[PDB]
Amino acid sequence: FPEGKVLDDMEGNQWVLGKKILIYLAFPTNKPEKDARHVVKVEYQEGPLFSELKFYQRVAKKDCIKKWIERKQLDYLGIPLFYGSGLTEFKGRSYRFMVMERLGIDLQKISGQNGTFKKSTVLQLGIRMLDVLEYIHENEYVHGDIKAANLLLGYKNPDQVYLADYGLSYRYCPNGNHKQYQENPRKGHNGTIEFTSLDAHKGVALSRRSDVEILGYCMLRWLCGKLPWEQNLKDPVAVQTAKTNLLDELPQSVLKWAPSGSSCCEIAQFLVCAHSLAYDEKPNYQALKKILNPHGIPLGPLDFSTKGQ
């Protein structure tokens, strides 16, 4: 798509495409380029963008997010804001597009030695992810794919972290009707194999516990530099049995995995809590957050320093 192309969203706002970063910078045709706080995401009418679109339209509403933030006394919530969407024509083909808040670099790009982060940063990231999970879960959605590549630093505030890429997102409780539990080995082992939940491995529709579980595996990976199933990633059944063994052997499976300079006591207890959840059970988000911050230290800046590496 050429820079300068004007897109018309369903609301009737007009947007001018900037340079590619497909994701492009976007400007409103009303304001000046100096004030560029938007990106446009473009795909054909052929899947994951439409999956993201249903999520962002239903959940990433500025005013509700604002009121939630005020009520729950959050400094922020790591959900990128949605501005509009629609279709544009390129030749004969139609493309779907979505205008979102511009964000910064992903965490996989900025990770230290062996995809690790400092323990305080790992624990803060999980707390920030728990705030997002509570919000999306309350709005009937699970993410399914938490990982460093899908965590992004802000643009307007580069010190805030966001959960992005709702391509594998799932509406688990449409209009209050929680999905039933059904194993389906024809739909087995979707997600990022390293981090995907046991329910995903079994072909079971994703529910709230799966996101908490995935977040636990992520924190473990970020802190320790590897997961026990690191050598088995091309064998999803081996990965499934490894994660099952890890959860069955809690807390020691996780406690013992940690290096001497970064305890896994918090992540061990987090996963003990996660593993106690029934399929349709609401996570106790407040308890999980206190588990990650057992001394109630106020959240500082995210430390991505690679001093010494």
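Basically, rigid core = biggest C-alpha set you can superpose within 1.5 Å across the two forms. One-based numbering along the sequence shown.
The stretch that moves more in 4 other deposited structures of this protein, judged by CA deviation after a rigid core superposition and choosing between 149-157 and 208-216, is 149-157.
A fit on the rigid core, followed by a root mean square over CA positions in 4 other deposited structures of this protein, ranks 35-43 against 264-272 and picks 35-43 as the more shifted one.
In this entry, residue 21 is separated from residue 22 by 4 to 9 residues of the deposited sequence that have no coordinates. In terms of unmodelled positions of the deposited sequence, the chain runs continuously from residue 281 to residue 282 in this entry. Per-stretch averaging of Cα B factors for 90-98 and 181-189 places 90-98 on top.
The PDB entry records a higher mean C-alpha B factor for 282-290 than for its counterpart among 6-14 and 282-290. Within the listed group 210, 157, 139, 85, the record reports its top CA B-factor for 157. Comparing the listed residues 242, 40, 255, 274, the entry records the largest Cα B-factor for 274. Compared with the other modelled residues of the chain, the Cα B-factor recorded for residue 78 ranks in the lowest third.
Compared with the other modelled residues of the chain, the Cα B-factor recorded for residue 71 ranks in the highest third. Ranked within its chain, residue 49 lands in the highest third, by CA B factor from the PDB record. In the deposited entry, the Cα temperature factor of residue 103 places it in the highest third of its chain's modelled residues.
When the modelled residues of the chain are ordered by their C-alpha B factor, residue 260 lands in the lowest third.
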